[PDB]
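2 protein chains.
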Amino acid sequence: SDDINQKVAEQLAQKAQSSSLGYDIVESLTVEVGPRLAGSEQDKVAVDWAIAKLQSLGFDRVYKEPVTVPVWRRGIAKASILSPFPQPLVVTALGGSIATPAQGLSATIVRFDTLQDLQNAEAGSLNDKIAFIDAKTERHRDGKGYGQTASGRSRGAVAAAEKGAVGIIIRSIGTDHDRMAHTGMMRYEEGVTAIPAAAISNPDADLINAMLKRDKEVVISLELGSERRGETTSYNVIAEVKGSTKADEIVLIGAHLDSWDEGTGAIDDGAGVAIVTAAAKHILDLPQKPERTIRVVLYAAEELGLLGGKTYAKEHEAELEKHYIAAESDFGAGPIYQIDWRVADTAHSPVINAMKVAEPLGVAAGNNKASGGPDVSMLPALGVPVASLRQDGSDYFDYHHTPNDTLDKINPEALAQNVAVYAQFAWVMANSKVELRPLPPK
Amino acid sequence: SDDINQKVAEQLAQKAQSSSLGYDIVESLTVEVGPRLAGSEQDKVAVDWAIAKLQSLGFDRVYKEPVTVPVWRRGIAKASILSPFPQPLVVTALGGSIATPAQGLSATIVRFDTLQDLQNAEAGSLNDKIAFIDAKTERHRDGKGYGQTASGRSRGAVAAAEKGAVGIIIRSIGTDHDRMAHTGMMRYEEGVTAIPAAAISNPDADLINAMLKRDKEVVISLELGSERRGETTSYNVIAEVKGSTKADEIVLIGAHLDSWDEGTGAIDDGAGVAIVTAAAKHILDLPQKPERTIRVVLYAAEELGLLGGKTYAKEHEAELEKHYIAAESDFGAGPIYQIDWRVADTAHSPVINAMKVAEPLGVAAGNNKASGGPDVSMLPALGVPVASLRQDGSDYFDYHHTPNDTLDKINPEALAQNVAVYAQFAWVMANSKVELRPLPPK
Ligand SMILES: [Zn+2]
Ligand SMILES: [Zn+2]
Ligand SMILES: [Zn+2]
Ligand SMILES: [Zn+2]
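Protein sequence lines, in the order shown, are assigned to chains A and A'. A prime marks a further copy of an entry chain.
Quick note: the first sequence uses the deposited numbering, first residue 25, plus one each step.
Quick note: the second sequence uses the deposited numbering, first residue 25, plus one each step.
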């Protein structure tokens, strides 16, 4: 009954709070693998680590599924201001950037408040120059500031090249004022000349601004080494807690296994790997079996455009109708404060009620318009219900995509609360009688 | 009278709180010069900046005095763990390190809790190996943690070479857990083979520890580029507020103009330059003249061993008897909470009383055993009284000697409180009738 399962969920939360497992999994990943950019030598290391780890935890099935991934290698990154006042910058290439010319790159910059301002510039206005997008990212619990500025990183190099720019630097898409350059994916556009593209630290962007405010033009030097290889194979890594009376139905709880390459991928998304794996292990430890199968999916190549998520959706196309609900942890280790849903209108109040078991952990009732996390975000359009278990990310963009994304950034008590809430979610959902389909129109 | 001068001191503090001058001076230095390692091209840039700045503020005399300085240039710094689990490290050369061999340097490490533990190792025990000193620096308002661990940086390369080491890495002498490597001076010893010497970030030292805790040996790669040139000339930069009835007597308020090269030297010691310069300017702005001359000294090459301070003490030897008191701001921008003295026994209670004017700014009475700041610390032995105006440095070693020592680390309200307290100090001391000599035995 709902009552019996509420009490199991209460006990799962107790276990999460008394067990070092969640922390131990992320310590293991960050120490024994470290950064694991898709397509790098560390990609296979992370996959092999995850397979061994899941086997060692005793899951009923542990297997992997191939995902095609591109190969990009980061080389040197050096930048400085040449004039008016010569100074060093702390820079990093945007993910996928081409290298700077062998002859080298030195140019006058032109500052834009935002990507939109750059897109509005006159054609030819950046000939021989480097674009500088200065947009600052606001700090928000829900990360909505990142949502407003991230496109500068994703699309700035295209917009700048369209105006004649020979390069782009951006203010890091970060909420810190640390001397850390934030990387992340960017995309060139077929038809537009690819140009070198880098992020500079927030203090460096402040410095450039201080010089511009003196009615001086700023000239920089930028050097980026990088290399592109042909595509290869990574893997979605999967573990299951075997179901019982409804074993053909799947509750999917996910994270991504890949990361950027300059930190150790601790909060993005080693924390999420640990949260969903530990939650599933606590469930595996129960004397009771869930009705549904619980499937942990550790997705490949999320950083490169949800490639593993998209691959999974297609590979499991015939199985999606039997996916009861899907959710993903990929907003660091901050505690969960709300669960939002994407279920049938007639399921919404029932699932809110089911998850009131998490109220004492600080988790509020939510809406019925959830997108789901990145790797499951394509699944509602295919009919699959999802939940967004909302994490407090107020500090997340201080470290996201920097060399500072390290184990010591994880608050163990907060990590444990996520393990507790996912364990409750996966248990309650794997035993729920609520009909979650059909999803109402978006 | 003491009463009239108490009220001027109160008004000076008002000015400091209502004026952006202190902040503006450090903004100017960090933007228009940036990092200014002694002996680098930026050394002359900083001197020329300071001369122009002091002239622009209208000081009665502005001049400079030569200081011999060594020339060391930092090149590349790359390090990684090769085994058991290959990963990147964030490293920086210790100031003055020789370069690593052209053939390259890869070696097994041996961990030591502290410099003392390394010094206790058996001769030959580090043959072919790299020493790793792991001592963590405790956070303290007075910086006493730095005092306990700093010698690992200063003297570790010598102690490691004595035991056969081919190199040394240290846990950065820092209180942060940021991915920032802290540099700073080290000294080789004539007679002992010079070896490459670097600091790694605190998270990287944690990582190495996590591998060692797995009963694995750790092997690293270390690459350091550096170059030593012959000595050259830097300068102590001096400004004066002209005295009146006691113009032959000097109240010296100082800071150092030089910095390490990877940040912008904002808190070490751009803040101190701004504090003492702004304090003197507020005094210069008064309609009243001080009795004594107030001398702002912006010392050269403090980071390389107090070279400008030592030079000043010798150059001004015949003038020291007329130095009434000396003090230096070189503990960032945190507010002052206490003034300690080094005056005659019979002057102690009188100077405490004189400075009770700063109580409302949060400044407590202090002792009579002050060392004085670094550049004036040699002066008591020459008979010159000093004060230590104690700053709250709880956060100072998060940024000291890192690339993160940037303008945005300065709390403007705290910087203003220092300007207020130095203005009071310099005014009260430049008009005091207390006999400060002779100093009692140390
Ligand atoms: Zn992520
Ligand atoms: Zn990411
Ligand atoms: Zn200093
Ligand atoms: Zn220093």
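Built from N, CA and C at the ideal position, the CB exists for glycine as well.
Can you tell me where the beta strand (DSSP E) holding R252(A) begins and where it ends?
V243 to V265
Using a 10 Å radius around the Cβ and a threshold of 16 neighbouring Cβ atoms, would you call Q140(A) buried or exposed?
exposed
For a contact defined as C-beta to C-beta under 9 angstroms, what are the partners of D230(A') on chain A?
Think of a sphere of 9 angstroms around the beta carbon of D230(A'): the chain A residues whose beta carbon falls inside it are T430, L431 and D432, in chain order.
Identify the continuous alpha helix (DSSP H) that holds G180(A) and give its terminal residues.
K168 to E186
Is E327(A') near ligand 4, with its Cβ less than 6 angstroms from a heavy atom?
For ligand 4, at least one heavy atom lies less than 6 angstroms from the Cβ of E327(A').
Which residue from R135(A), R211(A) and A298(A) puts its Cα closest to that of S149(A)?
Taking only the C-alpha atoms, the option nearest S149(A) is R135(A).
Name the chain A' residues whose beta carbon is nearer than 9 angstroms to that of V243(A)?
Under the 9 angstroms cutoff, chain A' gives no residues; its nearest Cβ is about 15 angstroms from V243(A).
Can you name the residues of chain A' whose CB is closer than 9 angstroms to the CB of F109(A)?
Here the neighbours are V55, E56, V57, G58 and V69.
So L281(A) and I349(A) are supposed to be a Cβ contact under 8 angstroms. How far apart are they, rounded?
Actually they do not touch by this definition, with Cβ atoms about 21 angstroms apart.
If you drop the 5 nearest sequence neighbours on each side, which residues of the same chain put their C-beta closer than 7 angstroms to that of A189(A')?
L150, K153, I154, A155 and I219
What does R319(A') pair with, by DSSP beta-bridge criteria?
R319(A') pairs with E264(A') and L276(A').
Comparing the CB of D292(A) with every heavy atom of ligand 1, is any distance shorter than 6 angstroms?
yes
Only counting the same chain, and skipping five residues up and downstream in sequence, which positions put a Cβ closer than 6 angstroms to that of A263(A')?
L78, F83, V86 and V320
Counting contacts by CB-CB distance shorter than 7 angstroms, is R203(A) in contact with chain A'?
Using a CB distance cut-off of 7 angstroms, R203(A) counts as an interface residue toward chain A'.
Judging by CA-CA distance, which residue of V261(A), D272(A), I100(A) and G296(A) is the nearest neighbour of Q441(A)?
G296(A)
Same chain, Cβ closer than 6 angstroms to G99(A'), five either side skipped, listed in chain order:
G249 and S250
Simplified DSSP state of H164(A), which is helix, strand or coil:
coil
Sequence-distant residues of its chain with Cβ nearer than 8 angstroms to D230(A) (five each side left out)
Result list for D230(A): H201, in chain order.
With distances taken between CB atoms, is the gap from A62(A') to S258(A') smaller than 7 angstroms?
Yes, Cβ-Cβ distance for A62(A') and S258(A') is below 7 angstroms.
Taking the straight line between their C-alpha atoms, what separation do you get for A378(A) and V114(A)?
49 angstroms
The stretch 94-120 of chain A: positions lying closer than 9 angstroms to chain A' by Cβ:
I105, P108, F109, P110, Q111, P112 and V114
Please confirm if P227(A) has its CB atom under 7 angstroms from at least one CB of chain A'.
yes
Determine the closest residue to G332(A) out of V400(A), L45(A) and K346(A), with distance taken between C-alpha atoms.
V400(A)
Where does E352(A) fall in DSSP's three states?
strand
Three-state class that DSSP yields for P409(A') in the structure shown
coil
With 7 angstroms as the threshold, decide whether the Cβ of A389(A') is near any Cβ in chain A.
no
Beta-carbon spacing of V69(A), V55(A) below 7 angstroms:
no
Which residues in chain A' have a C-beta closer than 7 angstroms to the C-beta of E437(A)? List them in chain order.
Result: empty, since nearest Cβ-Cβ is about 17 angstroms, beyond 7 angstroms.
What residues are listed by DSSP as bridge partners for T92(A)?
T257(A)
Every unbroken beta strand (DSSP E) inside the stretch 190-252 of chain A [3 residues or more]
191-195 and 221-224
Would you say the beta carbon of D354(A) comes nearer than 6 angstroms to a heavy atom of ligand 1?
If you check the C-beta of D354(A) against ligand 1, you find a heavy atom less than 6 angstroms away.
Span separating the alpha-carbon of residue 3(A') from that of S283(A')
What is shown of chain A' runs 25 to 466, which leaves residue 3(A') out entirely.
Could you tell me whether the Cβ atoms of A223(A) and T132(A) are closer together than 7 angstroms?
No, they are not a contact pair.
Run through DSSP, which three-state label would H306(A') get?
DSSP places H306(A') in helix when its eight states are reduced to three.
Nearest-angstrom Cα distance between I299(A) and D293(A)?
10 angstroms
Could you pull the DSSP bridge partners for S130(A) from this structure?
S245(A)
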